[PDB]
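One structure below.
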Protein chains: 2
Amino acid sequence: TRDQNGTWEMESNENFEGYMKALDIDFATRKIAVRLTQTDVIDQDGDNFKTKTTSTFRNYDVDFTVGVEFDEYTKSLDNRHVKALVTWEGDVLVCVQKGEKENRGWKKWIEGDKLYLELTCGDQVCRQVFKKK
Amino acid sequence: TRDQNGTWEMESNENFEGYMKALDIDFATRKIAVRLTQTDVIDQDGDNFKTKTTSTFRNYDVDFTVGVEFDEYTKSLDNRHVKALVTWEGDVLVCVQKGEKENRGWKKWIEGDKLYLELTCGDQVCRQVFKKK
Ligand SMILES: *C/C=C(C)/C=C/C=C(C)/C=C/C1=C(C)CCCC1(C)C
């Protein structure tokens with residue numbers, strides 16, 4: 001077949017390092033690049049091609065129901081088992097992850113056009129802000 | 001609002017490293033992770049939440065019609081101009097990238113469940129294999 005439409009996930013990657021070295025791509029960009037999965041999305045109408053290649057590091061999925069506490073394995077992250085509960089404090093999605101780490105959790109809330117995410121573990125607070133795409 | 005649906009992209013990320021040390025995430029991983037941008041896909045139904053967070057390095061999009069030559073500026077990659085032509089050699093999509101480097105181009109083709117991709121430059125060949133999703 002000539003029909004390549006799809007979302008394609010890298011299964012294996014050989015001498016990627018050689019190919020970038022030939023492109024004169026720098027060492028810092030290369031040591032990252034070799035630690036990533038590529039995803040190629042191809043949208044194709046006969047001779048018309050649209051191609052997007054993304055390079056991922058890790059994926060953190062969580063499915064939950066507010067108020068229903070759940071067992072979470074943080075594979076991808078620190079690979080620990082916690083005991084998670086998400087509730088509403090007003091506008092704010094609050095999650096408490098019980099386990100070995102003190103003060104471990106997160107807050108997620110909307111203000112205006114933006115999403116706010118506070119990540120907390122111990123006395124470290126990471127704050128992130130997102131725009132809609 | 002409590003409605004958090006959307007596909008969100010990070011515009012800032014404060015103290016991701018402090019948070020990551022706190023979790024006991026390893027050094028090498030922290031150094032990659034800190035150099036990525038994040039996307040949170042949020043699927044929300046009442047109190048049902050499906051959350052997916054990706055970490056993402058560089059992307060590469062390219063649009064073309066087969067048989068029509070175009071100037072491809074590899075913004076992001078090596079930042080060079082090439083005259084790129086994509087043709088069919090049987091079931092194999094073949095791109096030659098006329099520019100500074102010799103033997104610069106690639107080959108896409110499907111064989112069964114898999115997409116096969118060859119990237120070449122100079123005297124280097126990179127093989128990749130992908131999976132339908
Ligand atoms: C509601 C969204 C939440 C709770 C997002 C959590 C995301 C993280 C805790 C970030 C995880 C990552 C690291 C700690 C380093 C590796 C890359 C990430 C982004 C998966």
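The basis for the numbers below is simple: all heavy atoms, side chains too, and nothing from hydrogens, waters or symmetry mates. Just so we're on the same page: letters track the sequence lines, and every chain starts at 1. Indexing begins at 1, ligand by ligand and atom by atom, following the structure's order.
- The side chain of A/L77, and not its backbone, has at least one atom closer than 4.0 Å to an atom of ligand 1 (non-hydrogen atoms only; side chain from C-beta on).
- Ionic pairing of B/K101 and A/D24 is present here: one or more N-O contacts between side-chain nitrogen and carboxylate oxygen are shorter than 4.0 angstrom.
- Closest to atom 3 (C) of ligand 1, if we only count protein heavy atoms, is A/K108 NZ, 3.7 Å.
- Contacts of B/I25 with ligand 1, taken as heavy-atom pairs under 4.0 Å, involve the side chain alone.
- Neither the backbone nor the side chain of B/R30 comes within contact range of ligand 1; no heavy atom lies under 4.0 Å.
- The protein heavy-atom contact nearest to atom 17 (C) of ligand 1 is B/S55 OG, 3.9 Å.
- At least one cation-pi condition fails for B/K131 and A/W8: the charged atom is not both under 6.0 angstrom from the six-membered ring centre and inside a 45 degree cone around its axis.
- Ion pairing between a basic and an acidic side chain is recognised when a charged N comes within 4.0 Å of a carboxylate O; B/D43 and B/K50 show such pairing.
- For the side-chain hydrogen bond (donor to acceptor under 3.5 Å, both in side chains) with A/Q97, the lone residue among A/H81, A/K83, A/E72, A/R80 that qualifies is A/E72.
- Scanning the protein heavy atoms around atom 7 (C) of ligand 1, the nearest turns out to be A/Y60 CD2, 3.8 Å.
- Of all the heavy atoms of A/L117, the ones lying under 4.0 Å from any atom of ligand 1 belong exclusively to the side chain.
- Considering each of B/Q4, B/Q38, A/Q128, the one bringing a non-hydrogen atom nearest atom 19 (C) of ligand 1 is B/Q38.
- Put simply, the side chain of B/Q44 gets close to the backbone of B/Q4: a donor and an acceptor are under 3.5 Å apart.
- Cation-pi contact between A/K107 and A/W109: absent, since separation from the ring centre below 6.0 Å together with deviation from the ring axis within 45° is not met.
- At the shortest separation from atom 13 (C) of ligand 1 among protein heavy atoms lies B/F16 CZ, 3.5 Å.
- The closest protein non-hydrogen atom to atom 8 (C) of ligand 1 is A/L119 CD1, 4.2 Å.
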task: Go through B/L77 and A/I25 one step at a time and tell me if the side-chain contact (heavy atoms from CB on, under 4.5 Å) criterion holds.
output: CA-CA 8 Å; B/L77 274 161; A/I25 280 172; 4.1 Å; yes

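- The atoms of ligand 1 that sit less than 4.0 Å from any heavy atom of B/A33 are 15 (C), 16 (C).
- Atom numbering of ligand 1 starts at 1 in the shown order; those under 4.0 Å from a heavy atom of B/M20 are 14 (C), 15 (C).
- The nearest protein atom to atom 9 (C) of ligand 1, hydrogens excluded, is given as B/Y19 OH, 3.7 Å; this is a heavy-atom distance.
- The aromatic rings of A/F64 and B/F49 lie parallel to each other, their planes meeting at an angle below 30°, with 60° marking the opposite boundary.
- Residues A/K114 and B/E11 are paired through a salt bridge, judged by an N-O separation under 4.0 Å between the basic side chain and the carboxylate.
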